[PDB]
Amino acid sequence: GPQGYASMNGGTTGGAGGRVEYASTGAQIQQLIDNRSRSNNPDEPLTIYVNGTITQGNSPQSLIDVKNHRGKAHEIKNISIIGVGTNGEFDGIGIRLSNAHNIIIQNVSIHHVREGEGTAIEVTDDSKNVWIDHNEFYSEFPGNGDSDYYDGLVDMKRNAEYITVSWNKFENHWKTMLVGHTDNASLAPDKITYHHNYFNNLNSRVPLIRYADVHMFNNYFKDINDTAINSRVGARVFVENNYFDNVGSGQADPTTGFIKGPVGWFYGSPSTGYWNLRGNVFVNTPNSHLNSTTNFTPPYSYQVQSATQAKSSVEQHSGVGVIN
């Protein structure tokens, strides 16, 4: 199972120990979800192996809706969506988790998502215990120059909690990851871990964090054009043993005045978040101006490599075609 926050609150096992289905179109995936939701046993664990390319053309809605058929007031539980080999591909259509509990998304590539939420994975409406592992997410950067043509890669909103994002590649994209979509503390997610991801050729939001407590360890950040970790409105982020290469422009942000770099407070919200920095390696990345501004450490056990060991592990073992 997952390291970090998805291991808490009872853990995350997804669809393990129930039914197995193989799907190669969005119609099959959506029907499996909805048919189960309408059954006598709606929480029976379900693993869906994805062995074809899921698209707008072969899906009945503009996103893959991991949501109870009785709408977001009701929970949907105990699902894994796992790619087969390098064949689990979502081209132009993303996944949304809404009041979704104990969910694994693993070994899929999701990319060029413009329609729907315009986001590869949206985790929202009070979802909890979600593990996003060994995937690849991308669009274009700079592409056509319109940062909003695509929306997010992995966004968390509306009280999503206990989430681990591990071993993924996020590449070639403008607005990479959100944690909290608005300055409303009562809707903020909390308790997110990011580890062993590759964040490469991105403009910003790595992540944009509002309010939440977040642990980022053993990630490899590379070629990030504007800024990476943006901690806002009382967020606390423990940034531990990560490797950064060519991250941030070094220019002062026109809104907050903060030097654009691997961590800080940028662009907006009425006040800063905080960051605890330990063990990071910064190459050609502005960093001498940084101080730790919180002692925040997460409430769980974990194993952590050095930054340079992590860089090599991420190079070798992140993304698809590794675990399945």
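Residue numbers here begin at 1 and follow the sequence given.
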Segment of higher mean CA temperature factor, 53 to 61 or 275 to 283: 53 to 61
Between the two ranges 136 to 144 and 211 to 219, the one averaging a larger CA B factor in the entry: 136 to 144
Candidate residues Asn168, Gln106, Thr182, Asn242, the one whose C-alpha B factor the record puts highest: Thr182
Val123 - Cα temperature factor, lowest/middle/highest third of chain: middle
Third of chain Cα B-factors occupied by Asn87: highest
Chain-relative CA temperature factor third for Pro298: middle
Chain third (lowest, middle, highest) by recorded CA B-factor, residue given as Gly261: middle
Within-chain third of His74 by Cα B-factor, per the entry: highest
